[PDB]
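Printed here is target-v7.pdb (PDB, C-alpha atoms and all ligand atoms):
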ATOM      1  CA  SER A   7     -79.856  21.586 -21.817  1.00  0.00           C
ATOM      2  CA  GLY A   8     -81.386  20.816 -25.245  1.00  0.00           C
ATOM      3  CA  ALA A   9     -81.110  21.262 -29.003  1.00  0.00           C
ATOM      4  CA  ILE A  10     -83.176  21.474 -32.208  1.00  0.00           C
ATOM      5  CA  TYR A  11     -82.057  19.073 -34.967  1.00  0.00           C
ATOM      6  CA  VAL A  12     -83.335  20.219 -38.400  1.00  0.00           C
ATOM      7  CA  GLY A  13     -81.839  19.028 -41.693  1.00  0.00           C
ATOM      8  CA  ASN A  14     -78.039  19.074 -41.284  1.00  0.00           C
ATOM      9  CA  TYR A  15     -78.149  21.707 -38.513  1.00  0.00           C
ATOM     10  CA  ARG A  16     -78.129  21.620 -34.700  1.00  0.00           C
ATOM     11  CA  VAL A  17     -79.540  24.760 -32.915  1.00  0.00           C
ATOM     12  CA  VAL A  18     -78.429  25.297 -29.304  1.00  0.00           C
ATOM     13  CA  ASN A  19     -78.194  28.114 -26.715  1.00  0.00           C
ATOM     14  CA  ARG A  20     -74.934  29.915 -27.576  1.00  0.00           C
ATOM     15  CA  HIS A  21     -73.930  29.882 -23.859  1.00  0.00           C
ATOM     16  CA  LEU A  22     -74.235  26.050 -23.765  1.00  0.00           C
ATOM     17  CA  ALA A  23     -72.497  25.312 -27.115  1.00  0.00           C
ATOM     18  CA  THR A  24     -69.821  22.589 -26.888  1.00  0.00           C
ATOM     19  CA  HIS A  25     -66.277  22.501 -28.393  1.00  0.00           C
ATOM     20  CA  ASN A  26     -67.782  20.393 -31.230  1.00  0.00           C
ATOM     21  CA  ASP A  27     -70.500  22.990 -31.933  1.00  0.00           C
ATOM     22  CA  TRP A  28     -67.832  25.714 -32.270  1.00  0.00           C
ATOM     23  CA  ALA A  29     -65.623  23.462 -34.476  1.00  0.00           C
ATOM     24  CA  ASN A  30     -68.618  22.955 -36.854  1.00  0.00           C
ATOM     25  CA  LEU A  31     -69.944  26.545 -36.593  1.00  0.00           C
ATOM     26  CA  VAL A  32     -72.473  27.760 -39.196  1.00  0.00           C
ATOM     27  CA  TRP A  33     -73.795  30.923 -37.469  1.00  0.00           C
ATOM     28  CA  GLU A  34     -73.923  32.485 -34.009  1.00  0.00           C
ATOM     29  CA  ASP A  35     -75.401  35.648 -32.484  1.00  0.00           C
ATOM     30  CA  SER A  36     -74.505  36.655 -28.896  1.00  0.00           C
ATOM     31  CA  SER A  37     -77.406  39.181 -28.877  1.00  0.00           C
ATOM     32  CA  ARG A  38     -79.883  36.297 -29.452  1.00  0.00           C
ATOM     33  CA  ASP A  39     -78.131  33.604 -27.315  1.00  0.00           C
ATOM     34  CA  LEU A  40     -78.172  31.302 -30.408  1.00  0.00           C
ATOM     35  CA  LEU A  41     -75.616  29.096 -32.138  1.00  0.00           C
ATOM     36  CA  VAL A  42     -76.120  26.766 -35.104  1.00  0.00           C
ATOM     37  CA  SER A  43     -73.623  24.052 -35.978  1.00  0.00           C
ATOM     38  CA  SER A  44     -73.485  21.484 -38.818  1.00  0.00           C
ATOM     39  CA  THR A  45     -74.293  17.762 -38.386  1.00  0.00           C
ATOM     40  CA  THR A  46     -73.710  14.636 -40.520  1.00  0.00           C
ATOM     41  CA  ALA A  47     -77.017  12.922 -39.595  1.00  0.00           C
ATOM     42  CA  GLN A  48     -80.453  14.148 -40.764  1.00  0.00           C
ATOM     43  CA  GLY A  49     -82.427  16.026 -38.074  1.00  0.00           C
ATOM     44  CA  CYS A  50     -85.691  14.922 -36.351  1.00  0.00           C
ATOM     45  CA  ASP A  51     -87.428  18.369 -36.063  1.00  0.00           C
ATOM     46  CA  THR A  52     -89.747  20.782 -38.264  1.00  0.00           C
ATOM     47  CA  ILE A  53     -89.583  24.614 -37.749  1.00  0.00           C
ATOM     48  CA  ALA A  54     -92.815  26.618 -37.416  1.00  0.00           C
ATOM     49  CA  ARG A  55     -93.242  29.534 -39.925  1.00  0.00           C
ATOM     50  CA  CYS A  56     -96.088  31.435 -38.268  1.00  0.00           C
ATOM     51  CA  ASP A  57     -97.197  34.176 -35.840  1.00  0.00           C
ATOM     52  CA  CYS A  58     -98.496  31.910 -33.020  1.00  0.00           C
ATOM     53  CA  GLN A  59     -98.341  33.410 -29.549  1.00  0.00           C
ATOM     54  CA  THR A  60     -99.486  30.226 -27.680  1.00  0.00           C
ATOM     55  CA  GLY A  61     -97.717  26.872 -27.494  1.00  0.00           C
ATOM     56  CA  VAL A  62     -96.276  24.222 -25.180  1.00  0.00           C
ATOM     57  CA  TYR A  63     -92.719  24.061 -23.804  1.00  0.00           C
ATOM     58  CA  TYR A  64     -90.680  21.375 -22.080  1.00  0.00           C
ATOM     59  CA  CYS A  65     -89.517  22.270 -18.523  1.00  0.00           C
ATOM     60  CA  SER A  66     -86.621  19.952 -17.513  1.00  0.00           C
ATOM     61  CA  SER A  67     -86.689  21.138 -13.838  1.00  0.00           C
ATOM     62  CA  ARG A  68     -90.237  19.696 -13.559  1.00  0.00           C
ATOM     63  CA  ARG A  69     -89.893  16.819 -16.154  1.00  0.00           C
ATOM     64  CA  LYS A  70     -93.108  18.210 -17.664  1.00  0.00           C
ATOM     65  CA  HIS A  71     -94.578  20.223 -20.526  1.00  0.00           C
ATOM     66  CA  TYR A  72     -96.576  23.394 -19.824  1.00  0.00           C
ATOM     67  CA  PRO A  73     -98.874  25.484 -22.060  1.00  0.00           C
ATOM     68  CA  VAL A  74     -97.872  29.193 -22.408  1.00  0.00           C
ATOM     69  CA  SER A  75     -99.017  32.517 -23.878  1.00  0.00           C
ATOM     70  CA  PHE A  76     -95.872  34.454 -24.998  1.00  0.00           C
ATOM     71  CA  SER A  77     -95.011  37.873 -26.352  1.00  0.00           C
ATOM     72  CA  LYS A  78     -93.870  38.517 -29.950  1.00  0.00           C
ATOM     73  CA  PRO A  79     -90.044  38.432 -30.532  1.00  0.00           C
ATOM     74  CA  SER A  80     -88.592  41.615 -29.056  1.00  0.00           C
ATOM     75  CA  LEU A  81     -85.530  43.398 -27.587  1.00  0.00           C
ATOM     76  CA  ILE A  82     -85.585  42.733 -23.800  1.00  0.00           C
ATOM     77  CA  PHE A  83     -83.112  43.726 -21.077  1.00  0.00           C
ATOM     78  CA  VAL A  84     -81.417  40.678 -19.493  1.00  0.00           C
ATOM     79  CA  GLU A  85     -79.377  41.131 -16.300  1.00  0.00           C
ATOM     80  CA  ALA A  86     -75.695  40.105 -16.090  1.00  0.00           C
ATOM     81  CA  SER A  87     -75.030  36.397 -15.509  1.00  0.00           C
ATOM     82  CA  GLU A  88     -71.874  34.215 -15.466  1.00  0.00           C
ATOM     83  CA  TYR A  89     -72.351  33.921 -19.297  1.00  0.00           C
ATOM     84  CA  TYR A  90     -73.082  37.471 -20.483  1.00  0.00           C
ATOM     85  CA  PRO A  91     -72.736  41.069 -19.376  1.00  0.00           C
ATOM     86  CA  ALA A  92     -75.974  43.000 -18.708  1.00  0.00           C
ATOM     87  CA  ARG A  93     -77.429  43.651 -22.211  1.00  0.00           C
ATOM     88  CA  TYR A  94     -80.505  43.716 -24.468  1.00  0.00           C
ATOM     89  CA  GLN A  95     -81.246  40.290 -25.924  1.00  0.00           C
ATOM     90  CA  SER A  96     -83.044  40.413 -29.285  1.00  0.00           C
ATOM     91  CA  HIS A  97     -85.720  38.050 -30.751  1.00  0.00           C
ATOM     92  CA  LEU A  98     -86.759  37.074 -27.174  1.00  0.00           C
ATOM     93  CA  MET A  99     -90.345  36.131 -26.209  1.00  0.00           C
ATOM     94  CA  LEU A 100     -91.547  36.179 -22.586  1.00  0.00           C
ATOM     95  CA  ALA A 101     -94.197  34.108 -20.874  1.00  0.00           C
ATOM     96  CA  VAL A 102     -95.403  33.403 -17.348  1.00  0.00           C
ATOM     97  CA  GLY A 103     -94.127  29.950 -16.355  1.00  0.00           C
ATOM     98  CA  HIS A 104     -91.562  27.981 -14.414  1.00  0.00           C
ATOM     99  CA  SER A 105     -87.866  28.186 -15.285  1.00  0.00           C
ATOM    100  CA  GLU A 106     -84.520  27.441 -13.557  1.00  0.00           C
ATOM    101  CA  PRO A 107     -81.028  27.958 -15.174  1.00  0.00           C
ATOM    102  CA  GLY A 108     -80.657  24.281 -16.356  1.00  0.00           C
ATOM    103  CA  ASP A 109     -83.970  24.643 -18.226  1.00  0.00           C
ATOM    104  CA  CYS A 110     -82.286  26.463 -21.156  1.00  0.00           C
ATOM    105  CA  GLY A 111     -82.586  24.425 -24.331  1.00  0.00           C
ATOM    106  CA  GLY A 112     -86.143  23.165 -23.667  1.00  0.00           C
ATOM    107  CA  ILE A 113     -88.202  23.339 -26.856  1.00  0.00           C
ATOM    108  CA  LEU A 114     -91.299  25.550 -27.337  1.00  0.00           C
ATOM    109  CA  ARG A 115     -93.706  24.194 -30.028  1.00  0.00           C
ATOM    110  CA  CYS A 116     -97.008  25.325 -31.531  1.00  0.00           C
ATOM    111  CA  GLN A 117     -99.292  23.360 -33.932  1.00  0.00           C
ATOM    112  CA  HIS A 118     -96.896  24.261 -36.844  1.00  0.00           C
ATOM    113  CA  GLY A 119     -93.626  23.016 -35.368  1.00  0.00           C
ATOM    114  CA  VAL A 120     -90.714  24.278 -33.310  1.00  0.00           C
ATOM    115  CA  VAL A 121     -90.960  27.966 -32.329  1.00  0.00           C
ATOM    116  CA  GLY A 122     -87.829  28.407 -30.176  1.00  0.00           C
ATOM    117  CA  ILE A 123     -85.844  27.292 -27.130  1.00  0.00           C
ATOM    118  CA  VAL A 124     -85.765  28.377 -23.446  1.00  0.00           C
ATOM    119  CA  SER A 125     -83.066  31.047 -23.046  1.00  0.00           C
ATOM    120  CA  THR A 126     -83.933  33.123 -19.927  1.00  0.00           C
ATOM    121  CA  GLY A 127     -85.936  33.016 -16.724  1.00  0.00           C
ATOM    122  CA  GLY A 128     -87.244  35.221 -13.938  1.00  0.00           C
ATOM    123  CA  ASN A 129     -89.456  34.925 -10.845  1.00  0.00           C
ATOM    124  CA  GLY A 130     -92.337  33.151 -12.567  1.00  0.00           C
ATOM    125  CA  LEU A 131     -91.156  34.157 -16.063  1.00  0.00           C
ATOM    126  CA  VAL A 132     -89.651  32.079 -18.888  1.00  0.00           C
ATOM    127  CA  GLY A 133     -88.013  33.572 -21.993  1.00  0.00           C
ATOM    128  CA  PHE A 134     -87.647  31.811 -25.350  1.00  0.00           C
ATOM    129  CA  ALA A 135     -85.189  32.577 -28.145  1.00  0.00           C
ATOM    130  CA  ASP A 136     -87.251  32.644 -31.379  1.00  0.00           C
ATOM    131  CA  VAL A 137     -86.024  30.622 -34.386  1.00  0.00           C
ATOM    132  CA  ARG A 138     -88.989  31.158 -36.800  1.00  0.00           C
ATOM    133  CA  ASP A 139     -87.220  33.913 -38.752  1.00  0.00           C
ATOM    134  CA  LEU A 140     -84.210  31.688 -39.607  1.00  0.00           C
ATOM    135  CA  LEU A 141     -85.593  30.540 -42.986  1.00  0.00           C
ATOM    136  CA  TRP A 142     -82.289  29.025 -44.105  1.00  0.00           C
ATOM    137  CA  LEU A 143     -82.638  26.228 -41.469  1.00  0.00           C
ATOM    138  CA  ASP A 144     -85.168  24.591 -43.950  1.00  0.00           C
ATOM    139  CA  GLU A 145     -83.024  24.610 -47.090  1.00  0.00           C
TER     140      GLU A 145
HETATM  141  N1  LIG B 201     -79.936  34.323 -22.318  1.00  0.00           N
HETATM  142  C1  LIG B 201     -79.230  34.647 -21.236  1.00  0.00           C
HETATM  143  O1  LIG B 201     -78.668  35.735 -21.108  1.00  0.00           O
HETATM  144  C2  LIG B 201     -79.213  33.619 -20.117  1.00  0.00           C
HETATM  145  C3  LIG B 201     -77.820  32.996 -19.918  1.00  0.00           C
HETATM  146  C4  LIG B 201     -77.855  31.965 -18.785  1.00  0.00           C
HETATM  147  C5  LIG B 201     -78.394  32.589 -17.500  1.00  0.00           C
HETATM  148  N2  LIG B 201     -79.677  33.274 -17.723  1.00  0.00           N
HETATM  149  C6  LIG B 201     -80.821  33.007 -17.055  1.00  0.00           C
HETATM  150  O2  LIG B 201     -81.844  33.645 -17.245  1.00  0.00           O
HETATM  151  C7  LIG B 201     -80.779  31.849 -16.075  1.00  0.00           C
HETATM  152  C8  LIG B 201     -81.990  31.814 -15.171  1.00  0.00           C
HETATM  153  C9  LIG B 201     -81.991  32.528 -13.973  1.00  0.00           C
HETATM  154  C10 LIG B 201     -83.056  32.453 -13.099  1.00  0.00           C
HETATM  155  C11 LIG B 201     -84.177  31.674 -13.424  1.00  0.00           C
HETATM  156  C12 LIG B 201     -84.191  30.955 -14.596  1.00  0.00           C
HETATM  157  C13 LIG B 201     -83.113  31.044 -15.456  1.00  0.00           C
HETATM  158 CL1  LIG B 201     -83.245  30.245 -16.994  1.00  0.00          CL
HETATM  159  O3  LIG B 201     -85.313  31.664 -12.652  1.00  0.00           O
HETATM  160  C14 LIG B 201     -85.130  32.153 -11.301  1.00  0.00           C
HETATM  161  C15 LIG B 201     -84.176  33.338 -11.212  1.00  0.00           C
HETATM  162  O4  LIG B 201     -82.931  33.085 -11.889  1.00  0.00           O
HETATM  163  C16 LIG B 201     -79.670  34.266 -18.804  1.00  0.00           C
HETATM  164 ZN    ZN B 202     -97.622  28.276 -35.103  1.00  0.00          ZN
END
What do you get writing this file as structure tokens?
Ligand SMILES: NC(=O)[C@H]1CCCN(C(=O)Cc2cc3c(cc2Cl)OCCO3)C1
Ligand SMILES: [Zn+2]
Amino acid sequence: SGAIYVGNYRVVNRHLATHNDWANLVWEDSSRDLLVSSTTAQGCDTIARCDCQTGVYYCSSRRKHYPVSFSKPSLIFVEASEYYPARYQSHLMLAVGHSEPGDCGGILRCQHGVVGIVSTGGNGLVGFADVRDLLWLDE
């Protein structure tokens, strides 16, 4: 679990969005596993606007942060799960690191701010949904 709170927006994994997220929907994209909902309170986070390919993410299944080198946002095949059919997920970045299903929502940050959230995992792989292209989160 986990969310980004920026301005009057909350960014979560689309597959983990609550009834309240859907009732306050701003934007969602099943191909990116993202959903943004509106909030009344002002958010705590800053979004990175950069091309960093290294950063640190929070891994809830280890209660720890780990440094990672990750690929640029790309279209990657993701196998079927209980939440989605087998498909290509867009704007996804892969890295070598620990991940378990409940780790989705952990934040990835670089020196400039929030880069994205955990969205997928493999055997020693972790995938992050990028949010750096969503410029409207800042206005
Ligand atoms: N974005 C998606 O399509 C998600 C939806 C929820 C499910 N999903 C995952 O990848 C969940 C996952 C499976 C794992 C794992 C880690 C995770 Cl995060 O490591 C060991 C093998 O099995 C795809
Ligand atoms: Zn950066």
**Request:** Identify which of the residues A:58, A:17, A:29, A:141 lies closest to residue A:124, counting all atoms listed in the file when measuring atom-to-atom distances.
**Result:**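 Counting all atoms listed in the file, the residue closest to residue A:124 is A:17.
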**Prompt:** Given a cut-off of 9 Å, what residues near ligand LIG 201 (chain B) show up using all atoms listed in the file, put as a PyMOL selection string?
**Reply:** chain A and resi 19-22+36-40+84-95+98+104-110+124-135
Which residues of chain A sit at most 8 Å from ligand ZN 202 (chain B), using all atoms listed in the file? Give each one's shortest atom pair and distance in Å (one decimal place), in chain and ascending residue order, as JSON lines.
{"residue": "A:54", "atom": "CA", "partner": "B:ZN202", "partner_atom": "ZN", "distance": 5.6}
{"residue": "A:55", "atom": "CA", "partner": "B:ZN202", "partner_atom": "ZN", "distance": 6.6}
{"residue": "A:56", "atom": "CA", "partner": "B:ZN202", "partner_atom": "ZN", "distance": 4.7}
{"residue": "A:57", "atom": "CA", "partner": "B:ZN202", "partner_atom": "ZN", "distance": 6.0}
{"residue": "A:58", "atom": "CA", "partner": "B:ZN202", "partner_atom": "ZN", "distance": 4.3}
{"residue": "A:59", "atom": "CA", "partner": "B:ZN202", "partner_atom": "ZN", "distance": 7.6}
{"residue": "A:60", "atom": "CA", "partner": "B:ZN202", "partner_atom": "ZN", "distance": 7.9}
{"residue": "A:61", "atom": "CA", "partner": "B:ZN202", "partner_atom": "ZN", "distance": 7.7}
{"residue": "A:115", "atom": "CA", "partner": "B:ZN202", "partner_atom": "ZN", "distance": 7.6}
{"residue": "A:116", "atom": "CA", "partner": "B:ZN202", "partner_atom": "ZN", "distance": 4.7}
{"residue": "A:117", "atom": "CA", "partner": "B:ZN202", "partner_atom": "ZN", "distance": 5.3}
{"residue": "A:118", "atom": "CA", "partner": "B:ZN202", "partner_atom": "ZN", "distance": 4.4}
{"residue": "A:119", "atom": "CA", "partner": "B:ZN202", "partner_atom": "ZN", "distance": 6.6}
{"residue": "A:121", "atom": "CA", "partner": "B:ZN202", "partner_atom": "ZN", "distance": 7.2}
Same residues, C-alpha atoms, output as a PDB file, in the frame of the given file:
ATOM      1  CA  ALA A  54     -92.815  26.618 -37.416  1.00  0.00           C
ATOM      2  CA  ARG A  55     -93.242  29.534 -39.925  1.00  0.00           C
ATOM      3  CA  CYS A  56     -96.088  31.435 -38.268  1.00  0.00           C
ATOM      4  CA  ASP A  57     -97.197  34.176 -35.840  1.00  0.00           C
ATOM      5  CA  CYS A  58     -98.496  31.910 -33.020  1.00  0.00           C
ATOM      6  CA  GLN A  59     -98.341  33.410 -29.549  1.00  0.00           C
ATOM      7  CA  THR A  60     -99.486  30.226 -27.680  1.00  0.00           C
ATOM      8  CA  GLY A  61     -97.717  26.872 -27.494  1.00  0.00           C
ATOM      9  CA  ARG A 115     -93.706  24.194 -30.028  1.00  0.00           C
ATOM     10  CA  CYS A 116     -97.008  25.325 -31.531  1.00  0.00           C
ATOM     11  CA  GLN A 117     -99.292  23.360 -33.932  1.00  0.00           C
ATOM     12  CA  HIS A 118     -96.896  24.261 -36.844  1.00  0.00           C
ATOM     13  CA  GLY A 119     -93.626  23.016 -35.368  1.00  0.00           C
ATOM     14  CA  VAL A 121     -90.960  27.966 -32.329  1.00  0.00           C
TER      15      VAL A 121
END
**Request:** Go through A:42, A:50, A:143, A:24 one by one, measure the shortest atom-to-atom distance of each to residue A:7 using all atoms listed in the file, and give the residue with the smallest value.
**Result:**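 Comparing A:42, A:50, A:143, A:24 against residue A:7, the winner is A:24.
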**Fill in**
One residue among A:113, A:12, A:140, A:123 is nearest to residue A:70 when using only C-alpha atoms, and that residue is A:113
